[PDB]
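Chains as they are written, first to last, in the authors' numbering: chain D, 2 to 388; chain A, 2 to 388; chain C, 2 to 388; chain B, 2 to 388.
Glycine residues also receive a C-beta, built at the ideal position from the N, C-alpha and C atoms.
There are 4 protein chains.
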Amino acid sequence: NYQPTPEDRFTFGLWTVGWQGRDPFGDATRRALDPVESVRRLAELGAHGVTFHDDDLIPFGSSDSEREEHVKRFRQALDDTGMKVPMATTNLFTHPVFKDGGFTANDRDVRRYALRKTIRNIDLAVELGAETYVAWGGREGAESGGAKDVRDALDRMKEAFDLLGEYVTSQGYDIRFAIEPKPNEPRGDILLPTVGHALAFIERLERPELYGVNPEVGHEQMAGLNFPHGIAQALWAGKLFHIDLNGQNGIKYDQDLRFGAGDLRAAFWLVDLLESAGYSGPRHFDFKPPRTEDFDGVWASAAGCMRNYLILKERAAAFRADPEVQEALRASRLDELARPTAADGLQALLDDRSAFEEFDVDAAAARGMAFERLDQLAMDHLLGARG
Amino acid sequence: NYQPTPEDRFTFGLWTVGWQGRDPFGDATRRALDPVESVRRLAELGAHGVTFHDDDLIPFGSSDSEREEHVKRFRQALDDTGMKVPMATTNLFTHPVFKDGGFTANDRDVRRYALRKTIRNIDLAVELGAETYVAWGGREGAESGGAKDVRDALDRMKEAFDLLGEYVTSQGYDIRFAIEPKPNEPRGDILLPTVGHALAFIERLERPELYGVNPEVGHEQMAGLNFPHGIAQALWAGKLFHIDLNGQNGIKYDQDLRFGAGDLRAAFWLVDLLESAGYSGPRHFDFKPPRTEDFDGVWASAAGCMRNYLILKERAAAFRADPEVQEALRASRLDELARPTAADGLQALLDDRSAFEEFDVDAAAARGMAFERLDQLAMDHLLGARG
Amino acid sequence: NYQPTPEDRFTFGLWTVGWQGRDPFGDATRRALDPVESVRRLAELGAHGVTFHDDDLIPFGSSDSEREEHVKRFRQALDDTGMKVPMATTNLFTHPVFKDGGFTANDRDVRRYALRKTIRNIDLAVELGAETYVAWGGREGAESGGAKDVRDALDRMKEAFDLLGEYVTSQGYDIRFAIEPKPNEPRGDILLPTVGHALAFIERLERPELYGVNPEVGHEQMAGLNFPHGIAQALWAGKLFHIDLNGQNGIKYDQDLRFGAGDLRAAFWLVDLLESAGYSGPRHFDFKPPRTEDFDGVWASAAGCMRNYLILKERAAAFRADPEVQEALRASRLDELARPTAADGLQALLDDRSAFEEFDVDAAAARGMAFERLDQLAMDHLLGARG
Amino acid sequence: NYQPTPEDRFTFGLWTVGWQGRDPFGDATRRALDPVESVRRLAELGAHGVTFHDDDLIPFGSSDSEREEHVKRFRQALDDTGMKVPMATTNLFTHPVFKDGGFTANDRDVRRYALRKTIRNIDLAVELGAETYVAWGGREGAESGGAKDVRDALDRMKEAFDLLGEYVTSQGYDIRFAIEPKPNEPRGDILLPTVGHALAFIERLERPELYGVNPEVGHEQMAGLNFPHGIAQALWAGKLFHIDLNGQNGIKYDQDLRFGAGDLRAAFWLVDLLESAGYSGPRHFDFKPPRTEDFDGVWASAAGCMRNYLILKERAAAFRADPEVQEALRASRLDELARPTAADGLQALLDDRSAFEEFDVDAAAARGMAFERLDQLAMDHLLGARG
Ligand SMILES: [Mg+2]
Ligand SMILES: [Mg+2]
Ligand SMILES: [Mg+2]
Ligand SMILES: [Mg+2]
Ligand SMILES: [Mg+2]
Ligand SMILES: [Mg+2]
Ligand SMILES: [Mg+2]
Ligand SMILES: [Mg+2]
């Protein structure tokens with residue numbers, strides 16, 4: 002039946018189901034949602050948690066009484082539904098003061114204002130019980146070559162993340178940070194565009210154990226890269242703290258389709274990788290219900306994300322647990338890929354005559370790899386057509 | 002006149018001017034070149050050095066007498082022309098034994114054979130006086146999801162690079178290693194596809210001071226990324242050991258056009274970045290003369306690469322040394338970008354009331370950035386139309 | 002000095018300089034512009050005309066008195082400045098009633114409403130003296146495969162364009178129609194995505210002499226196609242009625258940069274093609290001033306478009322009028338490309354023994370084409386470095 | 002069981018299963034196949050026919066005795082297996098005499114040689130009983146802007162196709178012509194890059210009833226376009242004469258994967274479109290077995306193409322024949338899309354007050370479209386998870 006359970010750890014953003022449909026060529030098609038109503042509806046669908054921007058919960062320019070009133074209503078809804086908040090983030094892209102950037106704006110006072118806004122939201126997020134803080138560098142980039150000195154911008158971004166790490170260490174919080182890469186949209190070229198650039202940036206920080214990545218399926222597919230390879234490098238580094246799941250149709254604008262739409266085979270291999278590696282964080286959906294839909298379509302899209310994940314998880318487990326698949330995996334020598342190359346050592350490899358002087362390159366080249374048979378078994382298990 | 006001089010450090014690969022024109026849909030249009038003739042012609046054009054694959058210099062399957070004869074003729078040509086060899090590399094992609102991979106092939110004996118071939122070529126490269134060794138992971142990837150376990154492949158690639166570093170340390174050589182990223186072509190998805198992935202991989206190695214990157218303009222433009230941003234992150238990390246210059250028209254197959262063709266504005270900003278940062282390595286051209294050309298067209302393309310670089314270097318220096326440009330750079334607050342954000346410290350930033358409580362967001366948002374005026378000055382200096 | 006003159010026929014849209022900066026992730030950074038002020042400023046910069054959407058001039062839901070008042074003020078500004086209106090268009094994408102489409106919406110009453118709105122705007126455009134009407138099919142497409150039956154949608158689009166042609170024929174107007182293609186943004190896939198699809202659609206209409214295309218540089222570059230090839234096929238068909246000039250950096254979202262930015266070499270070849278073919282329509286700029294700029298940056302961008310066109314026109318004329326270039330064009334046999342293949346006829350070609358039986362394929366294959374020398378001369382003329 | 006039958010009309014090219022694995026960076030991994038052996042193996046798998054290039058069957062430079070001997074052996078194998086030949090084509094891209102082009106080469110004598118070669122192969126194809134002749138314009142394009150005058154090239158291509166039509170009309174053959182579009186690879190930009198450009202070219206020919214298109218899934222996906230939309234426009238024009246099925250992973254080089262791999266959802270919607278429209282031509286597979294495979298992998302890939310088509314055909318028929326799907330299609334108003342917009346006429350539409358003056362735009366905008374529910378039903382039917 003593929004019914005979601007709270008052990009699946011499915012979470013949704015408030016900006017996802019609360020999107021009003023304002024695109025660059027059109028007005029809003031839906032009215033605004035109350036966050037309390039969003040929590041109650043998502044708890045009815047069987048979700049585990051919600052995430053938020055600071056401006057999603059408290060409107061910009063609110064007084065302290067309005068701030069504490071919104072926080073009190075939102076914690077009341079969380080206590081009534083039993084829902085959790087596992088991640089929060091700050092909005093440094095909507096207001097026109099951030100048009101040049103946030104942490105790497107050319108104006109020093111804008112950079113200081115962005116740091117103070119982030120610190121205030123980190124205090125609220127620890128108050129609500131979040132475990133991961135996400136920084137999205139949305140306005141950090143340039144449309145032209147001379148507008149932004151990139152080495153200086155990387156120095157300012159390093160300084161900002163070092164200050165945030167110093168603050169959480171001095172306060173004694175247990176929250177960690179995560180960086181969300183994206184290649185373009187809305188700037189012409191965004192700093193730290195991929196998972197690899199984000200990981201290489203994290204290794205230069207002062208306390209590199211507090212920082213990880215938060216990759217998104219759509220953002221890695223906008224650069225034509227392969228999302229399971231990117232996720233596997235992040236897992237190899239030990240830095241996958243949180244993940245965003247959606248869909249995307251090739252290299253174009255950010256579509257943010259529901260999960261399973263877009264590249265279905267890549268979604269299958271991604272669910273295979275996460276269930277095999279034992280990733281235990283939240284399964285966060287960052288999608289936009291299309292502006293042709295009313296509220297019933299919104300809730301149908303939100304249910305469809307979780308249903309597609311549960312179907313792909315069942316099919317991937319059935320593919321790995323099949324004896325003919327295990328025979329094909331031995332025939333393609335994946336078990337030999339898992340073996341060490343030279344554990345006997347460098348001197349033994351240099352003295353091994355079977356490794357250069359007496360190695361039959363023609364006999365080694367004549368062997369096929371049977372990858373097409375393996376892939377056809379994977380396609381049959383995905384489509385349900387084993388027979 | 003833009004005449005190349007040996008102080009410019011222009012180098013060419015033997016595979017560049019020696020390409021016979023065999024593309025996937027056509028036969029060769031040019032006969033094979035003698036490497037001695039290539040050295041003499043490139044010294045006549047005013048180049049500084051040549052680079053080589055092992056199979057470019059010594060054909061596959063050659064005996065030891067043929068090996069030493071080819072090496073003796075090639076060093077004789079280098080001594081007669083005064084040309085140098087600043088970089089070498091090994092060929093782990095042409096022979097059909099490497100169809101699944103080289104360092105990360107599924108076959109253990111193929112991995113051991115690839116390591117022994119690389120070690121032999123490293124000995125030859127130190128004998129010829131090279132300073133940088135380049136590893137291109139061309140066959141390391143997959144066309145399908147189940148063919149390659151990517152975490153295990155990253156373990157084998159780490160093991161191979163650690164063994165090579167152990168060998169050069171035990172021999173006492175001064176040569177360093179460099180990794181060339183590429184997103185696809187000829188596999189469907191290649192491991193370590195960008196500069197960011199390569200840098201993040203290098204930080205996990207055992208002796209990370211021996212390894213850097215060798216980025217190529219065309220390969221970063223095949224993923225839709227921005228090459229000056231990638232080069233600037235590599236310079237910020239201190240890992241730019243060598244660079245490949247060519248041209249590319251957007252996201253498609255590897256064209257390897259001559260330098261200056263493709264994206265001319267990006268070429269301008271790249272030359273600006275290298276001359277500003279003071280990169281002192283070789284300027285290596287990795288281009289393919291198109292198969293419609295005869296040998297006169299080959300030599301005209303090779304001269305055109307160096308001419309386009311010298312023109313762009315003159316225009317970029319004239320753009321930076323202009324007082325109206327310096328006034329526009331102050332008006333866009335690049336000098337304020339170079340200033341530290343909070344050097345007074347975290348506690349002073351938290352107590353600063355002008356940074357959150359009394360900060361005029363509307364007055365800060367009303368200021369323009371004058372980026373379009375700056376970019377129009379850059380375009381006028383590139384086109385030569387200051388007036 | 003490259004100063005624009007009214008003989009250059011430079012026109013701008015009101016939505017171009019009137020864009021407030023609202024992108025999908027941010028609010029507006031600039032206040033709204035009066036159309037009268039836009040006409041006066043563009044006449045001061047040296048433009049020839051303006052174009053408009055119906056909703057740019059008259060706000061949605063306006064009464065008839067407000068309609069005639071806006072029209073009277075706008076014609077007064079046109080009479081005071083001497084500016085013209087050579088093109089108009091209708092807005093069928095902003096209001097949420099058009100969320101599924103306009104001419105090809107699934108709702109019949111929405112299709113009838115869209116036709117009536119277009120007919121009313123055509124009457125206004127003939128009243129202002131326009132010569133070309135532009136239909137942009139912005140919302141005509143789908144995000145999913147089952148949402149839109151494409152053959153039925155093409156039937157409805159044919160029916161709508163046939164009705165508009167019947168109306169202008171019955172009224173005796175002299176205005177013509179033009180279709181603007183675009184591959185995606187804001188739908189996932191837009192019907193009639195390229196110039197070729199638009200031309201093939203036009204040939205199936207009832208009165209195909211009234212319909213042409215209106216191609217845009219950015220929209221053809223979002224699909225990775227080559228804009229001079231597309232423009233040359235439209236000129237070969239005799240259907241280029243109007244053209245939109247802007248810039249675009251590869252395959253991503255619609256950037257709408259100023260002209261000359263993006264792909265400078267492609268801009269050079271486009272200006273070469275239009276000046277060689279003698280295109281006599283307006284040179285229309287459809288660009289967006291970036292949201293980091295204030296009004297001085299807006300007017301600087303608008304001046305920069307015209308300046309870049311005048312510089313490229315001078316350099317292309319100097320390239321064609323050069324005797325060494327003419328010698329290189331004879332060496333690459335472009336004059337032989339202009340000659341007919343078999344004007345002697347099919348029977349003479351079949352009896353010609355020099356064409357198959359006695360044709361030296363090796364001697365024909367040995368000849369080079371000298372394309373690289375020709376391209377280096379073109380690059381030298383573009384950069385101003387002939388010497 | 003999804004077993005192929007001769008009523009399915011599955012055909013394969015000889016170049017598909019006969020590909021030796023020579024890619025631009027590697028040598029061949031498989032030996033050459035006898036065409037007789039290819040016919041016998043494909044008849045054992047359950048195919049219906051084969052297609053060929055002229056150089057696939059008769060090697061270049063063969064004498065007349067060798068020509069008639071190869072033809073006699075090949076017709077003997079066709080008579081023994083009962084296989085047919087429904088399509089043929091000529092090779093104007095491999096030999097280095099065609100490096101600049103074929104029908105639109107800059108050399109007049111090369112153009113005449115290409116026409117004579119094509120006419121000889123057309124005689125052979127009618128002798129073998131083919132019904133469609135395919136022209137692929139592989140070398141017709143340019144790497145640079147000045148190398149090719151595109152209007153003159155379009156004149157020469159029109160002249161060549163008019164001569165071929167005149168020849169088949171004078172001989173009284175019943176064969177038709179088809180044009181295969183492709184955006185790039187191996188030239189930088191190929192003339193007639195998409196289906197739309199090919200259709201617009203066909204409408205300018207002298208006898209436009211003899212010419213159609215032959216689209217390929219991979220070639221339309223290399224430009225980021227949507228293949229069911231392109232196929233539906235070709236069916237709307239009545240020009241779909243033949244089709245090529247393979248797979249492709251986004252915008253990169255021509256992968257030519259087996260069918261079903263790549264974009265599985267797009268493959269599902271394509272099979273839905275062909276079975277709904279009743280296309281009765283051959284289902285031709287143009288794929289390359291990957292160079293990691295031996296001959297068993299070749300035959301497994303060839304069987305996998307037909308199996309994936311039969312599975313998708315069953316799932317699409319089950320999706321269309323479902324009552325809940327039919328209810329959802331009525332709720333998304335596809336039946337209202339099939340209705341004519343104004344069959345009452347232009348005057349009745351202009352006098353209809355319910356169409357502009359009394360039309361409730363807010364009530365029309367408030368209705369949802371239920372596209373997400375429809376798409377989730379389609380995904381459930383594709384994955385086999387109706388429950
Ligand atoms: Mg996104
Ligand atoms: Mg996200
Ligand atoms: Mg390359
Ligand atoms: Mg290279
Ligand atoms: Mg646009
Ligand atoms: Mg436009
Ligand atoms: Mg292909
Ligand atoms: Mg094909």
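Exercise. For A/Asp295, is the beta carbon positioned less than 6 Å from some heavy atom of ligand 5?
Worked result: No, the beta carbon of A/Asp295 sits no closer than 6 Å to any heavy atom of ligand 5.
For this session: Check whether the Cβ atoms of A/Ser145 and D/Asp345 lie closer than 7 Å to each other.
Result: Result no, Cβ atoms of A/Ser145 and D/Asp345 do not sit closer than 7 Å.
Exercise. Who does D/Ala262 pair with in a DSSP beta bridge?
Worked result: In the DSSP output, where bridge partners are listed per residue, D/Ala262 has D/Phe260.
For this session: Note down the Cα distance separating C/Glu328 from A/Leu338, rounded to an integer number of angstroms.
Result: Straight-line measurement puts the Cα of A/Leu338 at about 51 Å from the Cα of C/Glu328.
For this session: Could you have a look at B/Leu93 and say whether DSSP puts it in helix, strand or coil?
Result: Three-state DSSP puts B/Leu93 in coil, outside helix and strand.
Exercise. When the Cα atoms are used, what is the spatial distance from C/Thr195 to D/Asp163?
Worked result: Spanning the two alpha carbons is a distance of roughly 49 Å.
Exercise. Between C/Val326 and C/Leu335, what straight-line distance do the alpha-carbon atoms span, to the nearest angstrom?
Worked result: Taking the straight line from one Cα to the other gives about 12 Å.
Exercise. Of all residues in the structure, which have a C-beta closer than 5 Å to any heavy atom of ligand 7, taken in chain order?
Worked result: Going along the chain, the residues that qualify are B/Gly219, B/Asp255, B/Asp257.
For this session: Report the rounded CA-to-CA distance for B/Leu34 versus B/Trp16, giving the unit in angstroms.
Result: As the crow flies, the alpha-carbon of B/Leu34 is around 10 Å from that of B/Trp16.
Exercise. List, in order along the chain, the chain A residues whose C-beta lies closer than 9 Å to that of C/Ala301?
Worked result: In chain order: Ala371, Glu373, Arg374, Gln377.
Problem set entry | 7 Å Cβ cutoff met for A/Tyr114 and A/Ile312 | No, the Cβ-Cβ distance between A/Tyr114 and A/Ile312 is not below 7 Å.
For this session: For D/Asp381, collect the residues of the same chain with a Cβ closer than 7 Å to its Cβ; drop the 5 residues on either side in sequence, then sort them by chain order.
Result: The beta carbon of D/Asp381 sits closer than 7 Å to those of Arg387, all from its chain and outside the five residues before and after it, given in chain order.
Exercise. How would you write the range of the beta strand (DSSP E) that A/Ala224 sits in, first residue to last?
Worked result: Careful: A/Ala224 lies outside any beta strand (DSSP E) and carries neither H nor E.
For this session: Flag C/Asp245 as yes when its Cβ comes closer than 6 Å to any non-hydrogen atom of ligand 6, and as no otherwise.
Result: Yes, since a heavy atom of ligand 6 falls inside the 6 Å radius drawn around the Cβ of C/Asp245.
Problem set entry | Neighbour-count burial assignment, D/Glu358, 16 or more Cβ in a 10 Å radius | Exposed, by the Cβ-count rule.
Exercise. Is B/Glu141 near ligand 8, with its Cβ less than 6 Å from a heavy atom?
Worked result: The answer is no for B/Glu141.
Exercise. In three-state DSSP terms, what is C/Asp345?
Worked result: The DSSP-derived three-state label of C/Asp345 is coil.
Exercise. What does A/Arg292 touch in chain B if you count any residue whose Cβ is under 7 Å from its own?
Worked result: The contacting residues are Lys100.
For this session: Could you tell me if the beta carbon of D/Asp287 falls within a distance shorter than 6 Å of some heavy atom in ligand 2?
Result: Checking the 6 Å criterion, the Cβ of D/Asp287 is within range of a heavy atom belonging to ligand 2.
Exercise. Mind checking whether the beta-carbon of D/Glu186 lies closer than 6 Å to any heavy atom of ligand 2?
Worked result: Taken from the Cβ of D/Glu186, every heavy atom of ligand 2 lies 6 Å or farther away.
For this session: Please list the residues of the region 330 to 362 of chain D that have a C-beta atom closer than 8 Å to any C-beta atom in chain A, keeping them in chain order.
Result: Of all residues in the region 330 to 362 of chain D, only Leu330, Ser333, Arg334, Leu335, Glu337, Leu338, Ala339, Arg340, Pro341, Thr342, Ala343, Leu347, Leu350, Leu351, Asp353, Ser355, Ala356, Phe357, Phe360, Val362 come within less than 8 Å of chain A when Cβ atoms are compared, listed by chain position.
Problem set entry | Members of the region 181 to 197 of chain D near chain C, C-beta cut-off 7 Å | When C-beta distances to chain C are compared with 7 Å, the residues of the region 181 to 197 of chain D below that value are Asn185, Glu186, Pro187, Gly189, in chain order.
For this session: For the alpha helix (DSSP H) holding C/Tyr280, just list the boundary residues, first then last.
Result: The continuous stretches of alpha helix (DSSP H) do not include C/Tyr280, and DSSP gives it neither H nor E.
Problem set entry | Distance, A/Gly239 Cα to A/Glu210 Cα | The C-alpha of A/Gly239 is placed about 10 Å away from the C-alpha of A/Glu210.
Exercise. Taking only beta-carbon atoms, is B/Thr30 less than 7 Å away from chain A?
Worked result: The Cβ of B/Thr30 sits closer than 7 Å to at least one Cβ of chain A.
Exercise. Is it the case that the Cβ atoms of B/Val18 and B/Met88 are separated by a distance below 7 Å?
Worked result: Not a contact, by the Cβ cut-off of 7 Å.
Exercise. Below 8 Å, can you find three or more Cβ-Cβ pairs linking the region 281 to 289 of chain B to the region 251 to 260 of chain B?
Worked result: Contact between the region 281 to 289 of chain B and the region 251 to 260 of chain B is present, with at least three C-beta pairs closer than 8 Å.
Problem set entry | Cα-Cα separation between A/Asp245 and A/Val86, rounded to whole angstroms | Rounded to the nearest whole angstrom, the CA to CA distance from A/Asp245 to A/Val86 is 15 Å.
Exercise. With which residues is C/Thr82 paired in a DSSP beta bridge?
Worked result: Paired residues: none, contrary to the question.
Exercise. Who are the Cβ neighbours of C/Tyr254 in its own chain at under 7 Å, not counting the five residues just before and after it?
Worked result: Same-chain partners within the cutoff: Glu186.
Exercise. What residues match up with C/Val214 in a beta bridge as DSSP calls it?
Worked result: For C/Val214, which the question treats as bridged, DSSP gives the partners C/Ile180, C/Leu241.
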